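Q: I am attaching a structure below and will ask some questions about it afterwards.
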Amino acid sequence: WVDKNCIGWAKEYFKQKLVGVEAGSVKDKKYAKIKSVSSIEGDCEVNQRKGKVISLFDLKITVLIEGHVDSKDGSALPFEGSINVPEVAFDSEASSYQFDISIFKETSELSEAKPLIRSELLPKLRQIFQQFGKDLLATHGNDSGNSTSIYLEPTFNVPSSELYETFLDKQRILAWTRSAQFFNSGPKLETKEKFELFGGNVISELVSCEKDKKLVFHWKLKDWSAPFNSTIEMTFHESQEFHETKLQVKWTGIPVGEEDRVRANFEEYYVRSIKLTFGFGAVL
Amino acid sequence: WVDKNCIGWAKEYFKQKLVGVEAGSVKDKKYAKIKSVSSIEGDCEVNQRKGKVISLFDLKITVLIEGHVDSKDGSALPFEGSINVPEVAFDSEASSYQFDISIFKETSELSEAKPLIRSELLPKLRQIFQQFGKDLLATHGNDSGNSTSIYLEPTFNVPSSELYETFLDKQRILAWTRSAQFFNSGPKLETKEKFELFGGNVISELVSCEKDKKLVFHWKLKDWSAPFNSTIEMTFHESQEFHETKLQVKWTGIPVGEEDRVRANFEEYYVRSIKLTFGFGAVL
Amino acid sequence: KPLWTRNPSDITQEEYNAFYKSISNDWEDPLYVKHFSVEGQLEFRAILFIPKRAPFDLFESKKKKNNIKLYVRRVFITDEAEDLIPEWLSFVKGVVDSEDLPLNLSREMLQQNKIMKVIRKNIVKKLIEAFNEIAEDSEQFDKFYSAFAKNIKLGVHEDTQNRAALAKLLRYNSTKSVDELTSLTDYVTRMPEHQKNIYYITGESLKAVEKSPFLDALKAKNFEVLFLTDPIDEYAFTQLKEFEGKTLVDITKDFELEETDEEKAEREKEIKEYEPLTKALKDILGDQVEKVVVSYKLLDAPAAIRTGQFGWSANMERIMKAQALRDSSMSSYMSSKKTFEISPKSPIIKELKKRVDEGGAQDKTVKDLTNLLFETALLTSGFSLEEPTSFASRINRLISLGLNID
Amino acid sequence: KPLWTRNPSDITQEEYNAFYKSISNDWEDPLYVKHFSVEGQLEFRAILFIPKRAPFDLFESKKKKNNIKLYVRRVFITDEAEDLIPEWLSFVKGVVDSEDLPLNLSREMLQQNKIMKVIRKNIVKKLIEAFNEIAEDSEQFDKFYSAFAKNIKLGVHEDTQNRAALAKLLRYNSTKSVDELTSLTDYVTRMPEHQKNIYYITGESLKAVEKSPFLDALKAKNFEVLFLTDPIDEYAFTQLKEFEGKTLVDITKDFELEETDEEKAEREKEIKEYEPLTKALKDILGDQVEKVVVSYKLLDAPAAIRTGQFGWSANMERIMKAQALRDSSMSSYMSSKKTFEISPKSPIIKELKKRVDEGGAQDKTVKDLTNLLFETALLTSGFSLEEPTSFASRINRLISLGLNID
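Heads up: the sequence lines are chains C1, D1, B and A, in that order.
FYI, the numbering for the first sequence is 11 to 153, 210 to 350, going by the authors' numbering.
FYI, the numbering for the second sequence is 11 to 153, 210 to 350, going by the authors' numbering.
Here the authors' numbering is used: the first residue of the third sequence is 270, the next is one more, and so on.
Here the authors' numbering is used: the first residue of the fourth sequence is 270, the next is one more, and so on.
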């Protein structure tokens, strides 16, 4: 009771507050709205060791947004995107919150989407993050199994089709993984196919796939229990103006004791290795 | 005693045996002879632990040779050289020894120097190294301050002029050392000039030098005692056959427990740093 | 009493210099000093030193002798603190004293905890503030940049919450700033009102980009273009992607330059006349380029090679192809896609258009000249040829026909 | 019963496969097995396995997971001993059991000592013997090469005791072995009686080396020349310096070709008449080249660029210019002492000599022609260009003169 973990309370507070925030109305020429909060990573603890209630929470937030902007023909062009802030803390200032705003399948007609949310959506998130600390210090001041889900958004410098076939080509998969075991004679991955990776630690299973659109795998690590089988979904969002792809990864079914280990393993063995072998973006 | 340190006895035995061997007579047109032993590094101990006398001696030998070869027009051409034996051990076969034969200022008219040494001097060294273990097991079987000297031979792919001015240009010195402190305002190093290198650990002073041929410094380390000051002598040699500069370096006055330390420090911070900064040879 | 426990306003400069000379083996005066203190419920006093040059002495290389020292309740802990400061920022020195660090059982090791990460973020943000304070003094900022440009670029490439903050410390040359290193803020303040993109170009050196043909058109519109000379600045530019609402555009890659409606009409009525020439170039170049387009991003250059988007740059391809451990079996081919850009206001392109109008699109001389033009475009763009023998033979043929040799 | 305690003749293949699949994470069979036992002054039993492919996965990165396991008196000690096997050889798997190794108080950790060095030497020599045994059956030797060519090249570059021993495993292509990878012994076996130098040439890829002009004259005298493609062959070759008494000669740099006395007498009369042409080349090029000599190492190429003696190869310079660790302030510039070699057998050099004889050594046409020839020769030799805009402009000028542009 001396220390109170409030990561779930912070997740619920963010899912209650960040949702419904709109930059205007649904009938405006330029409109945006946070659909839901994708991921809340980090830690949110309240300690009473110093005698006074303190909160040293270190959190990173990522949300998804949907809206519509103007076009040259007079019609409203919809757009889906993501907004991720890498740091919200107790000592962060109102103007210190850096908002990484990105638009999936970005086009020239969507160029007005970025400044709009920068003028009417950012201050609301800023004041919400500012009030989060005071609500946390005022609330908790006085004295199969359970799985979780994470969200990743790596940016690759590669066309959607190229990366899609790279995630399926058995030879190229063995190239960028350096250790692969396929149990089917087929040259490429097909529906309902299992294969082993990374010295037996990784056992994945392609469940569903869409042409250059979606890839669903049943990822599972060898140390996990038998009923714990995670499901990872990768969505391609290649752009048309700047021509960049952003592999939106929704990773559910992860045990409560590996949600961090699965993250650093992906940014190194699934993002960095591909960018080093095939060179799909500068990385070090 | 059950344990006998035999590095000095091996050194003196090699100095008594390796010298005097000749590839014929001086009256011949092609002649070679081991002048002296340059350095004998490693360890040579005789222990009794397995119920029998053993000697797991690990030694590396380097010697100098002088002779003359036949020319194409007139009299014989003299030559200096070095012979490096990187390994002499108990399990070494008579033919397992590898001899690195090098000739200072070697050229085309000197290319016939090596085969002679390979036809007259190599079997002598082989049988000497073979009998060395026998006399070792037969002799040591069952029942100012004192300083030493070492000798190294780094290879550099650069003309001798540029490498010589590299050890004198204060700007190039600060380039290949990345930390230097000079007391004189002169742009080039001069005689009787002291300067500091490598984060206050290296105390050197140029005491003598010749034009592109000689470089004599007084080397001193910070953790060394007061009356301990070493003398380094470096000599350049431009070969017209390999087209490299084999800078033979000789350290005198090294403390009794700093030989391998200064050897590694020179091989890493003096040779490899120059070979990576200025590219004066291959480095990986 | 230790120095970090005193008020910085009551500490002289000679005291900081003596502290640096005691904690560091360097003899030069530290370029900058930063003594700050954070209060509240968590307290730590940190004194940070910025050297005048890179502290790459390394007399004990490969052994951990980290620069930032940690103190817990005025007690020294160890010299193995690695995660206390990022590796890209691991060039500053100094000490930090706190009292809330969760040490090990014996209080001689700190690892695998989150209480240190917040202090690390505080250290990096205070170092950003110190760098911004250094930016006010241009004479010291020149030395700081010429010493840690690679470090600041790696920090822009690595960090995310401080990427926009560290982007203000970037200083580069430009077409209008050939004499002094200009900043991104100085670029956007000097940017015209109608320009909406920060244009930059990379190269092996300043001499390669000072006359690059990708600038002339952007100089016709009086658009300033940034110059990149190191292979590491691209790593930061592909992570920034924008600055103050102005996105970064690499002119060596494929991009769009907006023009007026009358210009659009004059260009669409002129491209339609070069369709057979573009088709001939495309079907004679094969798969070497993705498409041959009539480009207006050049004025006097006859043709150029523009690396298609989703790929690298010219200097980026050059720095990536020279990596032995990157690819040894030809597995990476992302940067193989290119575009053959031609300028219709060049006499060579007009002659080629007249030739293909005459019907000699499959002539051997026209094919050879188009291949030589593609090769010299690859050359002037910054790409190595697949086989220099064909280029050498074509050059020798041109020289022989110039010296009246038949 | 442990496998290292039994004789290798009583162990079948399935037991070795099971041991390899249990000590490692691979599902495939090992490429080669080596179960040996030394019982002399050093007593140890070692079982080694060669993986089919390079085990560069490193799933648990940044932690001590050395490949070779250590055992003392049939007792596992630790898995952190990386000094037992060299860093270039740290790709094979297996175990090594001994009884004379000194350990710590608890006998679970090993520190630096000299007894491990002799075991390391025995391991490396037995692995060399195993590689030589693999050389007997080419079906597995090609896989072993395609797997660990870089490893064996780093090994022959680093080591000097086993440098000549590791040189026997080198397999490359040549002018007479374009279909299969030949060895150095097979190369010196086909060496004529008048050749005493192993000629080799390096490049960025096989396609550029196969069509390199430096081989043409070398193919006229029926001299076989080896080809090097990877950026690591140059270093291993400059570290080897000789093979079975035959010195390694890099033809991209200056060297001496075999010739008779009558050949020298007939070539000096042709060199003496081209001396004013060479002086014009030299005083027109200036700093770019250090000397212009009439070379006979070419057959039909009008000109070429040969790196000045004591310099670097083209591929070595191209990789070292891209290391991006010390290129600040242009620290590496010693390779700029190139040499312009000319072949007077080509009509271009004859016409240039005739123009010089006419007295046009200062004409602008001769100047820009020889400049362009210099850039194209530097291109064909394998070096990058500086300010290629002037080269492209000269190419466009020759194109305009070819298209009858007034």
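Where a beta carbon is used, it is the ideal one built from N, C-alpha and C, also for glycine.
1) Mind pulling the chain B residues with CB within less than 9 Å of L638 (chain A)?
2) Would you kindly work out how many angstroms separate the C-alpha atoms of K548 (chain B) and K541 (chain B), rounded to a whole number?
3) DSSP three-state label for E493 (chain A), please.
4) What residues in the region 286–302 of chain A have a beta carbon less than 9 Å from any beta carbon of chain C1?
5) What does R244 (chain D1) reach in chain B if we use C-beta pairs closer than 9 Å?
6) Return the bridge partner residues of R575 (chain A) from the DSSP annotation.
7) So, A42 (chain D1) versus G77 (chain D1), is the Cβ gap smaller than 8 Å?
8) Closer than 7 Å between beta carbons: that is the criterion. Which residues of the region 260–282 of chain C1 meet it against chain A?
9) In chain order, which alpha helix (DSSP H) runs of at least 4 residues are fully inside the region 283–349 of chain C1?
10) Find out if the Cβ-Cβ distance for the pair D278 (chain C1), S226 (chain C1) is shorter than 8 Å.
11) Given that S604 (chain B) touches chain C1, what residues does it touch there, using C-beta distances under 8 Å?
12) Which class does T72 (chain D1) belong to by DSSP, given the choice of helix, strand or coil?
13) Which value, in whole angstroms, describes the spacing of the CA atoms of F139 (chain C1) and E228 (chain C1)?
14) Report the rounded CA-to-CA distance for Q578 (chain A) versus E334 (chain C1), giving the unit in angstroms.
15) Determine contact between the region 631–648 of chain B and the region 561–576 of chain B, defined as no fewer than three beta-carbon pairs at a distance below 8 Å.
16) Between the region 306–316 of chain A and the region 366–382 of chain A, do three or more beta carbon pairs fall short of 8 Å?
17) Under the assumption that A404 (chain A) contacts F360 (chain A) (Cβ atoms under 8 Å), give the Cβ distance between them as a whole number of angstroms.
18) Under the three-state reduction of DSSP, which class applies to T221 (chain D1): helix, strand or coil?
19) With C-beta atoms as the reference, is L66 (chain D1) less than 8 Å away from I384 (chain A)?
20) Just the C-alpha distance for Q592 (chain A) and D326 (chain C1), rounded to the nearest angstrom, thanks.
21) Spell out whether any CB of chain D1 is found under 8 Å from the CB atom of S278 (chain B).
22) Rounded to whole angstroms, what is the Cα-Cα separation between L218 (chain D1) and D101 (chain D1)?
23) Is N295 (chain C1) close to chain B, meaning its C-beta is less than 8 Å from at least one C-beta of that chain?
24) So for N382 (chain B), helix, strand or coil by DSSP?
25) Write down the C-beta distance between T444 (chain B) and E503 (chain B) rounded to the nearest angstrom, noting that I regard them as a contact closer than 8 Å.
26) Just to make sure I have the definition right: I need the residues of chain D1 whose C-beta is within less than 8 Å of the C-beta of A572 (chain A). Which are they?
27) Is the closest heavy atom of the ligand PLP to the C-beta of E22 (chain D1) under 7 Å?
28) DSSP has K362 (chain B) in a bridge; who is on the other side?
29) Using alpha carbons as the reference points, say which of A348 (chain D1), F344 (chain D1), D13 (chain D1) lies closest to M603 (chain A).
30) In chain A, what lies closer than 8 Å to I64 (chain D1) by C-beta?
31) Within 8 Å of any Cβ in chain A, is that where the Cβ of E51 (chain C1) sits?
32) Against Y504 (chain B), what residues of chain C1 qualify as contacts under a CB-to-CB distance less than 9 Å, listed in chain order?
33) With 16 as the cutoff for other CB atoms within 10 Å, does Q310 (chain A) come out buried or exposed?
34) Report the neighbours of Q108 (chain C1) on chain B: residues whose CB is nearer than 9 Å to its CB, in chain order.
35) Just verifying my parser: in three-state terms, what is the DSSP assignment at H426 (chain B)?
36) For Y340 (chain A), which of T429 (chain A), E377 (chain A), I319 (chain A) has the nearest alpha-carbon?
A: Based on what the coordinates show:
1) Start at 1 with the first residue of the fourth sequence, and residue 638 (chain A) comes out as number 369. Those within 9 Å of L638 (chain A) in chain B are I668, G671, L672.
2) Taking the first residue of the third sequence as 1, we reach residue 548 (chain B) at position 279. Taking the first residue of the third sequence as 1, we reach residue 541 (chain B) at position 272. If I take the Cα positions, the gap works out to 12 Å.
3) One-based indexing of the fourth sequence puts residue 493 (chain A) at position 224. Correct three-state label for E493 (chain A): coil.
4) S293, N294, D295, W296, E297
5) Residue 244 (chain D1) sits at position 178 when you count from the first residue of the second sequence. Under the 9 Å cutoff, chain B gives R322, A323, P324, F325, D326, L327.
6) As a working note, residue 575 (chain A) is residue 306 in the fourth sequence. Answer is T608 (chain A).
7) For the purposes of this step, residue 42 (chain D1) is taken as the residue at position 32 of the second sequence. For the purposes of this step, residue 77 (chain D1) is taken as the residue at position 67 of the second sequence. Yes. Within cutoff.
8) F264, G265, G266, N267
9) 327–332, 339–343
10) Position 212 of the first sequence, counting from 1, holds the residue named residue 278 (chain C1). Position 160 of the first sequence, counting from 1, holds the residue named residue 226 (chain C1). Going by C-beta atoms, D278 (chain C1) is nearer than 8 Å to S226 (chain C1).
11) Taking the third sequence and counting its residues from 1, one reaches residue 604 (chain B) at position 335. Here the neighbours are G345.
12) If you number the second sequence from 1, residue 72 (chain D1) lands on position 62. Here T72 (chain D1) sits in strand by DSSP.
13) Numbered from 1 along the first sequence, position 129 holds the residue referred to as residue 139 (chain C1). Numbered from 1 along the first sequence, position 162 holds the residue referred to as residue 228 (chain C1). Computed Cα separation, rounded: 39 Å.
14) Taking the fourth sequence and counting its residues from 1, the one referred to as residue 578 (chain A) is at position 309. Taking the first sequence and counting its residues from 1, the one referred to as residue 334 (chain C1) is at position 268. Cα to Cα, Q578 (chain A) sits roughly 44 Å from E334 (chain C1).
15) yes
16) yes
17) For this step, residue 404 (chain A) is matched to residue 135 along the fourth sequence. For this step, residue 360 (chain A) is matched to residue 91 along the fourth sequence. Not a contact, Cβ separation roughly 18 Å.
18) If you number the second sequence from 1, residue 221 (chain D1) lands on position 155. It is a strand residue.
19) The count along the second sequence starts at 1 and reaches residue 66 (chain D1) at position 56. The count along the fourth sequence starts at 1 and reaches residue 384 (chain A) at position 115. Cβ atoms of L66 (chain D1) and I384 (chain A): closer than 8 Å.
20) Taking the fourth sequence and counting its residues from 1, the one referred to as residue 592 (chain A) is at position 323. Taking the first sequence and counting its residues from 1, the one referred to as residue 326 (chain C1) is at position 260. Distance between the alpha carbons of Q592 (chain A) and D326 (chain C1) is about 34 Å.
21) Your numbering for residue 278 (chain B) matches position 9 in the third sequence. Not an interface residue.
22) For this step, residue 218 (chain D1) is matched to residue 152 along the second sequence. For this step, residue 101 (chain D1) is matched to residue 91 along the second sequence. Using only the alpha carbons, I get a separation of about 26 Å.
23) Along the first sequence, one-based indexing puts residue 295 (chain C1) at 229. Taking Cβ atoms only, chain B never reaches closer than 8 Å to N295 (chain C1), which makes this a no.
24) Residue numbering aside, residue 382 (chain B) sits at position 113 when the third sequence is read from its first letter. Coil at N382 (chain B), not helix or strand.
25) What you label residue 444 (chain B) is simply residue 175 of the third sequence in a count that begins at 1. What you label residue 503 (chain B) is simply residue 234 of the third sequence in a count that begins at 1. With 8 Å as the limit, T444 (chain B) and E503 (chain B) do not qualify as a contact, their Cβ atoms being about 19 Å apart.
26) For the purposes of this step, residue 572 (chain A) is taken as the residue at position 303 of the fourth sequence. The premise fails here: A572 (chain A) is roughly 23 Å from chain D1 at the closest Cβ pair, so nothing lies under 8 Å.
27) No copy of the ligand PLP occurs in the structure displayed, which carries no ligand at all.
28) Sequence index remark: in the third sequence, residue 362 (chain B) carries index 93 (1-based). Paired residues: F318 (chain B).
29) For the purposes of this step, residue 603 (chain A) is identified with residue 334 of the fourth sequence, where counting begins at 1. Ranking the options by Cα distance to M603 (chain A), first place goes to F344 (chain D1).
30) Counted from its first residue, the second sequence places residue 64 (chain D1) at position 54. Here the neighbours are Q310.
31) Taking the first residue of the first sequence as 1, we reach residue 51 (chain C1) at position 41. It does not: the Cβ of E51 (chain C1) has no partner Cβ on chain A nearer than 8 Å.
32) Residue mapping note: residue 504 (chain B) aligns to position 235 of the third sequence, counting from 1. Simply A348, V349, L350.
33) Position 41 of the fourth sequence, counted from the first residue, corresponds to residue 310 (chain A). By the neighbour-count rule (16 or more Cβ atoms within 10 Å), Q310 (chain A) is buried.
34) Walking along the first sequence from the start, residue 108 (chain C1) turns up at place 98. Neighbours of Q108 (chain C1) on chain B, chain order: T429, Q430, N431, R432, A433, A434.
35) Taking the third sequence and counting its residues from 1, one reaches residue 426 (chain B) at position 157. Here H426 (chain B) sits in helix by DSSP.
36) One-based indexing of the fourth sequence puts residue 340 (chain A) at position 71. Cα-wise, what sits closest to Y340 (chain A) is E377 (chain A).
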